[PDB]
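Note that we place each Cβ from the backbone using ideal geometry, even for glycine, and neighbour counts take in every protein chain shown. Each reported figure results from applying straightforward, stated rules to the coordinates on display, with no laboratory input.
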Amino acid sequence: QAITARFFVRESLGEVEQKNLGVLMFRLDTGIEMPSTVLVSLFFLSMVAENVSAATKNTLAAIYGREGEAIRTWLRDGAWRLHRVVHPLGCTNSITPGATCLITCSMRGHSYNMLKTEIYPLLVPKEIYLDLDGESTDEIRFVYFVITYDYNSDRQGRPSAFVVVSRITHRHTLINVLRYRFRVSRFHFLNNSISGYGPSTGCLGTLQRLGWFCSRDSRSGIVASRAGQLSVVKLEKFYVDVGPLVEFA
Amino acid sequence: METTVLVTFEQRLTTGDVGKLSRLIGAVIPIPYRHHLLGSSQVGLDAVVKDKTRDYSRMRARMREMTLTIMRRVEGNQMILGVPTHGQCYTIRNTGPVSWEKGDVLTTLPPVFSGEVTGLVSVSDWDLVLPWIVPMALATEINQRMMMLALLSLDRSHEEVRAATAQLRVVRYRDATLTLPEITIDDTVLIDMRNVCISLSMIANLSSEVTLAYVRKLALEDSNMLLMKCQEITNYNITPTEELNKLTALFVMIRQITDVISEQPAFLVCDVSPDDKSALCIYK
Amino acid sequence: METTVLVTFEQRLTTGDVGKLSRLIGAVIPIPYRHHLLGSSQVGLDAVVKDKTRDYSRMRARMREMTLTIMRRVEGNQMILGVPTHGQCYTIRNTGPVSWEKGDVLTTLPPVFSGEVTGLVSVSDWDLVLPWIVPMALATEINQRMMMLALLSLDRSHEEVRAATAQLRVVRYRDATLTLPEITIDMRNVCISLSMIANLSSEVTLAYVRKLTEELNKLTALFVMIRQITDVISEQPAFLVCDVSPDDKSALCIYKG
Amino acid sequence: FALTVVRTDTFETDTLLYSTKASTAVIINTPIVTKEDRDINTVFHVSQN
Amino acid sequence: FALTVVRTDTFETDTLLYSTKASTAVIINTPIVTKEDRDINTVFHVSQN
C-alpha cells in the first residue's frame, strides 16, 4: 500500500544515509544549468540551516560538504535559500550499494526495510529538531518542517530552518504557538520589512506537514562516520505525509 | 493512531432514543483522544459547550485541536465512529441548517451560538451537540465578523460598537441567519488582532506605489462598480524582480491575515442526496 | 475499482478524433461535477474559455471548483473518466508544455494560448482543452506574474513601467518556457482588491499601532477583498509523481487535493 | 479577622469487598475482533461487552 | 412608461414516453459483487454494466 520511488542520488551524496538509512530528501532545480536537478539529504540541508551550530554544521560539511562547497552550498548557503527551491518527499528505502546511487524514497507510510523485518527511523539531527517541541506526547505526535529566517542585512540576512514536532494538528493554532516563541524573529523581521521601501525581503517562516511517528519509542542518539560523530534524534515508526508549504509571518 | 471507534453510552437510551440515533449516525463527531474505545462524556465537544465563560474563540481553538469522526451503526448502545481516512467518500447527514451549496468545501462549525440546542437527546443532563457543517465561505465569514465586531471596540465607543453589532452580528445569507455570540472581548482575539495590525503595517510598505495608484489612476480612466466604492475607500520603478519579492511577501501577509479569520477546510462533497439531507464527502 | 463517469458525444465521431483520444488514454480531464452524466458541453475547459471577457483568476477558480479527473478509456461515442481518489497510484499524462521530473509536486492550471497555443480534437464549437499540468511553485509563480501584469499594466503610458511589464512578460522554468498574456475584468477586479489592500494598509491600522462604524466599513471593504484575493493563491496540487515515463508522455503519480 | 484552613489528604488504602453468592449476574458476549490496519503492523482490538 | 414584465414560472410536469417493441435492446452484465477490505459495515458494491 505504500508508494516508493527510485531516485537518482549522486554516489557522493549517498553516504550517511548509506551507512544508516533514514533521512529526508529534498529536490531542487537550482541555478547552474548543467547539474540543475538535485536531490538533497536532511543532514545536507542542516548545513544550510543556521540553527545547526557552526561546529556541527561544518562537521557534516566535513562529511560531505566537499560536494556542498563544490557547487551546492554555493547554491544554498551562498545563493540565498528559498523555501520554494527545496521540497520534502520523505524517508529513504533501498540503501542501494550499487554503481550509481538509486535510492527508492518513500512517499506515504511507515518507512520500512522490505520483508518487514526492520523499520526505518527518521534521523532528524538535533539542532533542527528539539527547540520547537510542545508538551509531553502520547503515540501520535506530528512532525512539521518549518523554515524560519531572521532579517539581518542582505534583504534576508541569514537562512535558518527547524523541524517542529507537535501534537497540535491545526494550521492556525500551530502558527500561533510558533508566534509565541518567535517574537524576536518577528521584531527584526518587522524591522527590515519596514526597511524595504521599493526593494523587498520575503517573509519569515514556512510550515508543512511531514507525517507522524510512534513518538513514545522516540529517543535521541548519535551516529558516527567519516568526519566523526553526529548527535541526532531517532523517530521510530515515522509515517510520512508531506503537507502543503504553508507560510506565516 | 486509530480508525474505527467503539463508543458506549453509560447513560440510558430508549425506543425513541434508538430511533433518533439513526439520523445522528449520518453526522459527525470530534474525538478528544482517537481511541478505539472512548467514554460518551468525552465523545463530542458537548463536554465543553457548557464552558460557563462560553467563548466561541475557545470553541474554535478546541475544535482546531480536535479530529472528526463519522457516526455509524445503531446496534445496541454501541457507536461505530469511523475516523475518516483522509480522501475517501462518506455519507454525512446534515444538522447545519443549510442545503450546503453543492460543489463546495463543507467545513466545521463550532457551537452554532444562535441558541443552545440539544443535539440528540437530554439523558443524564448530557446531549450530543455536534459541530454543524456549514461551507468554507460561511465559516470564513462567521470568523470574519467575530474579529470585526471586537476590532471596532479598540478605537470606537462601546455603545456605538453595540449599535453596529445590532446590524452586523446577524449574518444575512439564504437559510443561514445566525447571531454572533455577543462578541467576546478577549485576549484570544487580541493575540491575533495584533498580528492583523502587524500584517497591515507591513502591507503599508509591501504596497508598491503602483499598487497604491492602480485604483487611483484607473478611476481617472474609466468606471467600475467596485471602483466607485474604491474611489470612496520619473515616478515609478523598473525593478520587477524586487516587485515579485514584494508580491511574494504580500501574498504571505494576506494569506496569514486571511487564515486569521479562515478556519480549517473539511468535507469536499461528492453527492448531496436530492432531499439535501445526506452528502457523500471526501477530503477531510 | 473506483468511481467512473461516462461521456456521451453529440457529434458524429471522426476516426481521427478517436485516434487522438486513444493516444490520450492517459490524459486528465476538467469536469464540473461527479454526476454520472456528462455531456460534451460539460466536459472540457471549453466551459472556462468561452467568455472572452473573463481571465486567469476565474480560470483558476473554475479549475478549483470543478472536478479534476483522469481519462481511462473510450467506448464508441462514450468516454470513460475514472475520478481519482486521494492516495492511489495513477498513470497520468503531460499535456502542458512543462516537462516533469521525478517526485515533483504536480498542480492544475488552465492553459494559456499566449504564444504557446495547443489545440485539440475540437469539433462543432467545443474543444477538449486540457489544463496545463504544471509544478507547484511554478504554478504559484505563474499566478504571481499574472497579478503583477494586471497591477503594473496601467502604467503602459510611461516607458519605465511599460519596460517593467515587458521585462516581466515571461516565465522560464526547466527546459520549457512560455510567454504570458497582457491584461491592458477578472484580473482588473483582482487588482482592484489588491489596490484597496495596498491603499488601506497605510490607512486603517495607524491608531491600532499606538494601542498594540466607519472602521467596520473600511475593514469590511478590506477583508472581503482579502478573502477574494486569498482564495486564488493556494494552488491545491493534484498529483505527486513517483516515476516519470521517459520522453515525458506520462507519469505514474499519487493523487492529492 | 480569623482564618479556617481546609485541606483534603489522600490515603492509599486496601479496601475489602464482601458480597453474596451470585450477587450480581453477568451476561457477556462472544467477542468481536476489529482489524485496524497500519502499513507496518495490524492491530486487533478484541472487544467483548 | 409602459412595461412588459416577465415571469419565470416552473412546471412539475408529468410526461408520456412511448416506444416501439424492440426500440432499444439492452445487454445486461452479470451482477458482479464488489468486496472491499473488512471494515465493520462490510458493504458490497453490487454492480452491473
Fill in: For the stretch C:1-86, the fraction of alpha-carbon pairs in successive 5 Å shells from zero, as %
3, 13, 24, 25, 17, 12, 5, 0, 0
Worksheet item: Who wins for biggest fluctuation among A:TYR149, A:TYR112, A:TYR197 in a Gaussian network model of chain A, springs between alpha carbons below 10 Å?
Response: A:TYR197
Item to complete: Measure off 7 Å from each Cα along the Cα-to-Cβ vector at C:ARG156 and D:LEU16, then give the distance between these two points in nanometres to one decimal.
Response: 9.9
Worksheet item: Per residue, what volume in Å³ does the Cα convex hull of the stretch B:201-284 take up?
Response: 204
Worksheet item: In nm, what does the list of distances from E:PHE11 to its counterparts in the other copies look like, shortest first, when each label sits 7 Å along Cα to Cβ?
Response: 8.8
Worksheet item: What's the local net charge at B:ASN235, with K and R +1, D and E -1, over the other residues with C-beta under 9 Å away?
Response: -3
Worksheet item: What pairs in B:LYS20/C:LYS256; A:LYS234/B:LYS246; C:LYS20/C:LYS102; A:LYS19/A:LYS116; B:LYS102/C:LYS256 have C-alpha atoms more than 28 Å from each other?
Response: B:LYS20/C:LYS256; A:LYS234/B:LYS246
Fill in: Magnitude of the charge dipole, the protein assembly as shown, Cβ model with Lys/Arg +1 and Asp/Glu -1, debye to 20
580
Worksheet, complete the sentence: Whole-Hz Karplus couplings 3J(HN,Hα) for the stretch C:240-257, θ = phi - 60° and coefficients 6.51, -1.76, 1.60, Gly and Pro as x, run 7, 6, 7, 10, 9, 5, x, 6, 6, 6, 9, 7, 7, 10, 10, 8, 10, x
Worksheet item: Computed on alpha carbon atoms, what radius of gyration and Dmax characterise the stretch C:197-238, expressed in Å?
Response: 13.5, 45
Discussion item. On the principal axes of its Cα set, how long, how wide and how thick is chain B? Give whole Å, largest value first.
Written reply: 80, 44, 35
Response to the item:
Expressed in nanometres to one decimal, the distance between label points 7 Å along Cα→Cβ at C:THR3 and A:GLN1 is 2.1
Item to complete: Take the alpha carbon atoms of the stretch A:167-209, find their center, do the same for chain D, and report the distance between the two centers in whole angstrom.
Response: 47
Worksheet, complete the sentence: Dimensionless Rg/Rh of the stretch C:148-230, both radii on Cα and Rh by Kirkwood, sits at 1.12
Response to the item:
Kirkwood radius from Cα pairs of the protein assembly as shown plugged into Stokes-Einstein at 37 °C, 0.692 mPa s, gives D in µm²/s equal to 108
Fill in: Euclidean distance between Cα centres, the stretch A:82-114 to the stretch B:27-98, Å
36
Worksheet item: Per-residue mean of other chain beta-carbon atoms within 10 angstrom of the beta-carbon, peptide D:31-38?
Response: 5
Discussion item. Two decimals, Cα atoms only, Kirkwood Rh: what is Rg/Rh over the stretch A:1-126?
Written reply: 0.96
Worksheet item: Roughly speaking, what is the centre-to-centre gap between the stretch B:116-130 and the stretch B:206-284 when only Cα atoms are used, to the nearest Å?
Response: 40
Discussion item. Taking a cut-off of 33 Å, what percent of all Cα-Cα pairs in chain A are separated by more than that?
Written reply: 16
Discussion item. Please enumerate, by chain and number, the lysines with C-alpha under 19 Å from the C-alpha of C:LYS218, excluding those fewer than 8 residues away in the same chain.
Written reply: B:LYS229
Practice prompt. Could you pull the Rg and Dmax for the stretch E:7-49, using just the Cα atoms, both in Å?
Written response: 20.2, 55
Worksheet item: How big is the Cα convex hull of the stretch A:176-243 in projection, averaged over all directions, in nm²?
Response: 8.1
Worksheet item: So for the pair D:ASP9, B:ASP276, with labels modelled 7 Å out along Cα→Cβ, what separation do we get in nm?
Response: 6.7
Fill in: Rounded to the nearest 20 debye, dipole of chain B from Cβ charges on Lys, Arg, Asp, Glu
380
Worksheet item: Which whole-number percent gives the relative contact order of chain A, counting Cα pairs below 8 Å spaced six or more residues apart?
Response: 23
Discussion item. Name the residue from E:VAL5, E:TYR18, E:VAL46 whose Cα lies farthest towards the positive end of the charge dipole of chain E, charges +1 on Cβ of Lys and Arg and -1 on Cβ of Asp and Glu.
Written reply: E:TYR18
Item to complete: Tell me the Kirkwood hydrodynamic radius of the stretch C:57-183 in angstroms, computed as one over the mean inverse distance between distinct C-alpha pairs.
Response: 16.8
Worksheet entry | Mean Cα-pair separation over length for the stretch B:131-184, i.e. relative contact order, pairs under 8 Å, 6 or more apart, % | 33
Worksheet item: Once all Cα-Cα distances of the stretch A:131-180 are split into 10 Å bins that start at 0, what whole-number percent is in each one?
Response: 23, 47, 22, 8, 0
Discussion item. Looking at chain A, identify the longest residue range that excludes and avoids all GluC sites (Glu not before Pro) in DSSP loops having at most 14 other Cβ atoms within 10 Å.
Written reply: A:136-249
Discussion item. Using the crude model of +1 on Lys and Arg Cβ and -1 on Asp and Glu Cβ, and no other charge, please compute the dipole size for chain D relative to its Cα centre, in debye to 20.
Written reply: 220
Item to complete: Among C:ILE25, C:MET63, C:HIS36, flag the residue with its Cα farthest along the positive direction of the charge dipole of the stretch C:16-84, charges on Cβ as +1 for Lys/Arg and -1 for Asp/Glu.
Response: C:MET63
Worksheet item: Which FRET efficiency value, to the nearest 0.05, do you get for C:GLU116 and C:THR91 by plugging their Cβ-Cβ distance into 1/(1 + (r/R0)^6) with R0 = 25 Å?
Response: 0.50
Item to complete: Could you pull out every residue, at least 5 positions away or on a different chain, whose amide H is within less than 5 Å of the one on A:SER41? Hs are placed 1.01 Å off N in the peptide plane, and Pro or chain starts have none.
Response: A:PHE26
Worksheet, complete the sentence: Expressed as a whole-number percentage, the relative contact order of the stretch A:122-182 with C-alpha contacts under 8 angstrom and at least six residues apart is 37
